[PDB]
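# Structure assessment
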Amino acid sequence: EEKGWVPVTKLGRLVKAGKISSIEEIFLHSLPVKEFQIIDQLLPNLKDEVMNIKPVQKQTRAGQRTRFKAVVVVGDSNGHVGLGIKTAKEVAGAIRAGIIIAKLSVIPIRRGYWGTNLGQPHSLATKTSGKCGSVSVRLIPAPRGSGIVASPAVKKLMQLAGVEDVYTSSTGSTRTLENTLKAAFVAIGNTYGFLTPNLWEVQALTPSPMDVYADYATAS
Amino acid sequence: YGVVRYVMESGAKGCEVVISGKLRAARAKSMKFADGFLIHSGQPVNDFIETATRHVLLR
Amino acid sequence: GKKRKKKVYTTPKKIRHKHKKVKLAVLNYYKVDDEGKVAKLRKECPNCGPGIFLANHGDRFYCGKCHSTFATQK
Amino acid sequence: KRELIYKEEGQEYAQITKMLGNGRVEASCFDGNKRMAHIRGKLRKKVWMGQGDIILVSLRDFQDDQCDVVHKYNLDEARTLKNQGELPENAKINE
RNA sequence: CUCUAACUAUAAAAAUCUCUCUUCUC
RNA sequence: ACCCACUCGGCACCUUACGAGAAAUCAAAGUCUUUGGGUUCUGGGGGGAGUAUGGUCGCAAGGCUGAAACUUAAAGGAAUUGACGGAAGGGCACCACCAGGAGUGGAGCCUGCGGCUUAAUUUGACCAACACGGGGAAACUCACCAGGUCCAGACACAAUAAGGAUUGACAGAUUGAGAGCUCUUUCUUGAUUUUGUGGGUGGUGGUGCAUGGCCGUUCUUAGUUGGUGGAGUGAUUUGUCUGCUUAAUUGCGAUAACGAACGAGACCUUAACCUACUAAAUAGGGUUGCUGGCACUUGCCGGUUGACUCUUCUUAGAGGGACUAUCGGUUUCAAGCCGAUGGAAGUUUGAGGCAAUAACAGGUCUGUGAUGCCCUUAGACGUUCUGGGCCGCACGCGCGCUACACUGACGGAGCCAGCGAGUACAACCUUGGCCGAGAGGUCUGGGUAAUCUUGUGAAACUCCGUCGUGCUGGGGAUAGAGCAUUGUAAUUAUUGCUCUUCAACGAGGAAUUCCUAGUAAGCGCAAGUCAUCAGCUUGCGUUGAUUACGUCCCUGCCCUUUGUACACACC
RNA sequence: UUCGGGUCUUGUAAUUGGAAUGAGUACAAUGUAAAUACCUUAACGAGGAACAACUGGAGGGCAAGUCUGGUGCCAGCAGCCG
Ligand SMILES: [Mg+2]
Ligand SMILES: [Mg+2]
Ligand SMILES: [Mg+2]
Ligand SMILES: [Mg+2]
Ligand SMILES: [Mg+2]
Ligand SMILES: [Mg+2]
Ligand SMILES: [Mg+2]
Ligand SMILES: [Mg+2]
Ligand SMILES: [Mg+2]
Ligand SMILES: [Mg+2]
Ligand SMILES: [Mg+2]
Ligand SMILES: [Mg+2]
Ligand SMILES: [Mg+2]
Ligand SMILES: [Mg+2]
Ligand SMILES: [Mg+2]
Ligand SMILES: [Mg+2]
Ligand SMILES: [Mg+2]
Ligand SMILES: [Mg+2]
Ligand SMILES: [Mg+2]
Ligand SMILES: [Mg+2]
Ligand SMILES: [Mg+2]
Ligand SMILES: [Mg+2]
Ligand SMILES: [Mg+2]
Ligand SMILES: [Mg+2]
Ligand SMILES: [Mg+2]
Ligand SMILES: [Mg+2]
Ligand SMILES: [Mg+2]
Ligand SMILES: [Mg+2]
Ligand SMILES: [Mg+2]
Ligand SMILES: [Mg+2]
Ligand SMILES: [Mg+2]
Ligand SMILES: [Mg+2]
Ligand SMILES: [Mg+2]
Ligand SMILES: [Mg+2]
Ligand SMILES: [Mg+2]
Ligand SMILES: [Mg+2]
Ligand SMILES: [Mg+2]
Ligand SMILES: [Mg+2]
Ligand SMILES: [Mg+2]
Ligand SMILES: [Mg+2]
Ligand SMILES: [Mg+2]
Ligand SMILES: [Mg+2]
Ligand SMILES: [Mg+2]
Ligand SMILES: [Mg+2]
Ligand SMILES: [Mg+2]
Ligand SMILES: [Zn+2]
């Protein structure tokens, strides 16, 4: 297709120049991503799935002005997820901006082992949880090949994550899909927020990619 | 949307299409598609923006 | 809105005037004079020319081609 | 001006004696039947009726107590009924 | 880098309302 | 007794989320899915119901304890956007008011509705229906009614059928008809047709609550919208606002907002002003001719398509001109407001034309050969012809017209416009000359138009007289008779004209309409309807004011704040 | 070069052929106290292989129709919303 993508951000400039090679450099230094094309460049195979389309109305003096809320989940099934939620007039535009936000909000996850480690991680590392609205989602590690014991939306989120086995437990009005998916997103992104004995030793604080490669930014 | 895209591809400074009628429903409704900017008052409405009205027969 | 009822007619019927077809109609117009000369039973019309036969109904003869202008009392 | 509809194979005429609440009516059907009449479809809040109104009502052969009122006549088609005389003429209902 | 001043002052009456609600998918 | 510092304990308070909550919010409502400091009481959808019963306390009132049968898909909490408020703040509007003007509502009539009536009195609208559908219909229109015609039923197939599928008709009965519509008789005509099936057309037939288009209205107000960004879990919100200013979401600005888009403005038409340009026998003027008259001084008022010359007015092109220009006040001194002067013009210069998002179940199938569906499609709801109706009349209502008189009516005389329009394959605008009292008639001549009607010599108005407060010379409705015009046709009076009867009407209750400057109002003319007909509408001009130059009191509109048990939204 | 052989395969057609087999009957024998029945097995036993698979549902919850005809807030459907 037609895509130029003049970079307007220093991170975008560095990515376009090809100086950042892996998204782990973006996640490590907590860099702010504002151009979705960076995420497209780093993860070429981000599949999606429109979880829900919801008509939301505003009562004005003349009729009821209706928009559509799209809940899009993006990921590569290899430990990267994003959850975009958008509201727009036309449904197609809603889905486009929703996937756009979802790509902007990609996040890494820490898959672990239920018991002994034999192959690649199959489940999460520890128990995690999140809460959005009144919906609290609790993800619990499960033994190998136990499947994803979760509601269909959360199940699709985990499948997009790459987590193959996990137990779940949701409390509240899990009816509302946006709240449930946001809570699950909080939990699965919190998986990398839990200090674990295998994560205790300190590191050397490698300099930020925009410090070592500041010259290639700042379009002159 | 294809018509609007082609028109704006032609160099037009704005296109707009109203499709009114029984769009896949018994009750009438009008859909509005637009891009760019369309003026509405003063002979600029006659000097620049050109309009066309047509009827389409369905089953 | 309009509220129309079934029309009711105070007339029995008027029927299409069926043309009175006549089998062997042409031969009655002529007369064979015994294997040779032939004559015509009806009268010839002057305005149209030879051949066209007058119509005799009662005390007059009437034409068919210039029918309107020829009706001459017998 | 609309054509007046006659009864047929079960439906019969009547007169409202007193109108109850909740879409209910007491109707005297002209067989000596002080029956209960239910306001029915096409008749809920589209045409209004009152006390002492000529009425047409369909019976229910599985219960003769209650019966379902179908069509109301506008005090002029009632006059036409009155002259043709399908209903008893021993009753005076005027304005 | 020093600071507490101006002001009023209106109450009459008004009860009730028969429909009908209609899809968002690139 | 204060002042400074500290500490213990108490009622409290401000900021914040880095914690918690469905949120409003909480420094506890935190340390709760990373769930366990001790402990008591209470709740398991709403209603029935804190009811009955049984205890128990009380003099009594009533307290404590306290269900079920049954019924129900919700009841409820917090918040968001609207709508509403006889809630608040700030601004607006003569479809609001104040100060007024002219009125309507009282009377006649004309027209449009309702109702009644009728064979039919065809129908759609009930601020935003009612002189509206261009709806001033005698025929047509037409859609209604009583009747009479025809197929303008393509096409395919079958069927008859060229020893006749069929068509048409003189004359008579019949008919309203000179209709071969139907019959009496017969004659004519040739494969186009006729009778059955499928199908198709036609329909002012139904459904604007199936639709398009258009228009109207919400809403003449200034209001809408999305892209990155911020706040919210969220519906949503900020941008779109505390102020001041504006006709304006118009600007000055302040700012989790920055840039933008539509609307407003800008923009076009029109009305001005152009002794500046270009010019003009289809517009005007001067000088001079050739004349007329009067004056007698060389001058006045005229006529001529004779000449020369000019463009001030009349035209229409390119342009100019006003941008609140200068000055004075007032303004966080900024946006802007007020005043004076110069100006043609200083209300956005006046008046308009387009005119946003969203919407109405607003109207229109009756404008469309726009149209989906339904109905009908042969004695038709198709089409045409004749006649009637759309106009009836015990009655209510809505636009108006003429009036109730002296600022007048009636006679004479004066004599003043601007928009228009106008004939060809038809017959229009009509001058002028003769007739008639008039309407009108006739004979000629111009004009396919700055040329001719036309300077549309219009009315109101002005001057001089008659009338004289008397329903009178006001008012001219209702009728009688006659004369003409258009029309195939005028009765149920088309319309005009002549003579007569001359009715109600004494400035019109409650109530209610429109309008702030060449405006209202008075007065007419042109154009659209038009063969003839306006009391209608759209435009134009004549005479031309009183009273405001403000307000939120009534009716509403815009923004903000607040409350809501409303969202089919205070009907 | 349009093709197009179908070069390589996979379905749809009341076309069309040859196989295999029971569910049934049934010599036997086994079985059983005696018999059924099962396991084995002679001889028969499939062409529309009529030797014929129903029960519910097709708006959502919840997989699957905004196909045709009928009824028009009736008849009825619907566990709830409808
Ligand atoms: Mg604009
Ligand atoms: Mg404008
Ligand atoms: Mg009921
Ligand atoms: Mg309970
Ligand atoms: Mg209670
Ligand atoms: Mg007791
Ligand atoms: Mg509440
Ligand atoms: Mg008013
Ligand atoms: Mg007043
Ligand atoms: Mg008047
Ligand atoms: Mg009156
Ligand atoms: Mg009156
Ligand atoms: Mg009428
Ligand atoms: Mg209005
Ligand atoms: Mg007339
Ligand atoms: Mg006629
Ligand atoms: Mg007529
Ligand atoms: Mg007829
Ligand atoms: Mg028609
Ligand atoms: Mg017709
Ligand atoms: Mg409508
Ligand atoms: Mg508007
Ligand atoms: Mg945003
Ligand atoms: Mg907003
Ligand atoms: Mg000049
Ligand atoms: Mg100044
Ligand atoms: Mg203006
Ligand atoms: Mg309607
Ligand atoms: Mg039609
Ligand atoms: Mg009429
Ligand atoms: Mg009117
Ligand atoms: Mg006079
Ligand atoms: Mg003039
Ligand atoms: Mg005059
Ligand atoms: Mg008099
Ligand atoms: Mg008089
Ligand atoms: Mg007058
Ligand atoms: Mg009219
Ligand atoms: Mg004012
Ligand atoms: Mg509600
Ligand atoms: Mg009320
Ligand atoms: Mg079945
Ligand atoms: Mg079923
Ligand atoms: Mg079914
Ligand atoms: Mg499904
Ligand atoms: Zn002849």
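Residues numbered from 1 in each chain as written, not as in the entry; some residues may be left out. Chains lettered and ligands numbered in written order. Part of a larger assembly, values for the part shown. Heavy atoms only, no water. Residues with missing side-chain atoms left out of burial classes, pairs and counts.

Structure determination for this entry, per the PDB record, employed cryo-EM and reached 3.35 Å resolution.

### Brief notes about the protein's contact with RNA strand G
Threshold: For each residue, the test is whether any non-hydrogen atom lies within 4 Å of the molecule or strand; if one does, the residue is near. A 3.5 Å cut-off defines polar contacts: any pair of N or O atoms within that distance qualifies, except that in protein one atom must be a possible hydrogen donor and the other a possible acceptor, and neighbouring residues in sequence count only when both atoms are side-chain atoms. Note that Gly is not counted as nonpolar here; it falls among the polar residues with everything else outside the nonpolar set of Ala, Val, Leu, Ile, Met, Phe, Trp, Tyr, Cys and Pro and the charged set of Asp, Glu, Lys and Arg.
By nearness alone, every residue bordering RNA strand G is listed as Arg24 of chain B together with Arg40, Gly41 and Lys42 of chain D. At the protein interface, 92% of the atoms of RNA strand G within 4 Å belong to sugar or phosphate. A distance of 3.2 Å separates a base oxygen of RNA strand G from a polar atom in the backbone of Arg24 of chain B. Counted by class, the surface near RNA strand G contains no nonpolar, 1 polar and 3 charged residues.

### Here we look at the UniProt feature "binding site: Mg(2+)" (unreviewed entry) in chain A
Residues and elements named next belong to chain A. Just so we agree on the cut-off: UniProt positions are given in the numbering used here, feature names are shortened, and annotations may be inferred rather than shown by experiment. Each helix is a run of H or I in the DSSP string that is no shorter than four residues. Each strand is a run of E no shorter than two, and both are numbered from the N terminus. Contact between two residues is taken to exist if any of their heavy atoms lie within 4.5 Å; hydrogens are not considered.
UniProt records the feature "binding site: Mg(2+)" (unreviewed entry) at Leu83, using the numbering of this structure. Relative to the helices and strands, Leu83 is located in strand β3 (residues 80–88). Excluding anything up to four places from it in sequence, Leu83 contacts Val71, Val72, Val73, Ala102, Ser105, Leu181, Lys182 and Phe185.

### Regarding the environment of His122 of chain A
Residues and elements named next belong to chain A. Among the secondary structure elements, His122 is positioned in the loop between β5 (111–112) and β6 (123–124). Along the chain, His122 and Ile53 lie 69 residues apart, while their C-alpha atoms are 31 Å from each other. Setting aside anything within four residues of it in sequence, one finds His122 in contact with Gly112, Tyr113, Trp114, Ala142, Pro143, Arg144, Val163, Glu164 and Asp165.

### Re the sheet that holds strand β5 (residues 66–72) of chain D
All names here are of chain D. Quick reminder of the rule: In this description, strands pair whenever DSSP reports at least two bridges between them. The convention used is that axes are lines fitted to C-alpha atoms, helices contributing only their stretch in contact, and that angles between N-to-C directions extend from 0 to 180 degrees.
In spatial order, the strands read β1-β2-β3-β5-β4; together these 5 strands close into a barrel with mixed pairing. Taking the axes of each pair of neighbouring strands and ignoring which way they run, one obtains an average angle of 55 degrees across the sheet. As defined by bridge partners, strand β1 (residues 12–19) adjoins strand β2 (residues 24–29) across 5 bridges and the pair is classed as antiparallel. Its bridge partner being in β2, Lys18 is matched across the sheet by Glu26.

### Quick word on the packing of helix α5 (residues 152–161) of chain A against helix α6 (residues 177–190) of chain A
Residue and element names in this part refer to chain A. Operational definition: Each crossing gets its handedness from the near helix: less than a right angle anticlockwise from the far helix is left-handed, clockwise is right-handed.
At a minimum axis distance of 10 Å, the contact between α5 and α6 shows a crossing angle of 35 degrees. Crossing geometry of α5 relative to α6 is assigned as right-handed. Only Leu177, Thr180, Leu181, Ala184, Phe185 and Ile188 of α6 make contact with α5, whose side of the interface consists of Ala153, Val154, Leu157, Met158 and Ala161. For the contact of α5 with α6, the per-class residue count stands at 10 nonpolar, 1 polar and no charged.

### A word on the pairing of strand β8 (residues 135–140) of chain A
All names here are of chain A. Basically, it comes down to this: Summary of the burial criterion: residues with accessible area below 20% of their type's maximum are buried, those above 50% are exposed, and those between are partly exposed, where the area comes from a 1.4 Å probe applied to protein chains only.
Here β8 shows a buried face lined by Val135, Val137 and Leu139 and an unburied face lined by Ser136, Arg138 and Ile140. Summarising the sheet, strand β7 (residues 128–132) and β8 pair through 5 bridges and their orientation is antiparallel. Directly across from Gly130, in β8, lies its bridge partner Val137. Here β7 folds back onto β8, and the loop between the two strands holds 2 residues, one of which, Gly133, carries a positive phi near 60 degrees. Both β8 and strand β10 (residues 166–171) contribute to a ladder of 5 bridges, which runs antiparallel. Bridge pairing in β10 places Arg138 opposite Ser169.

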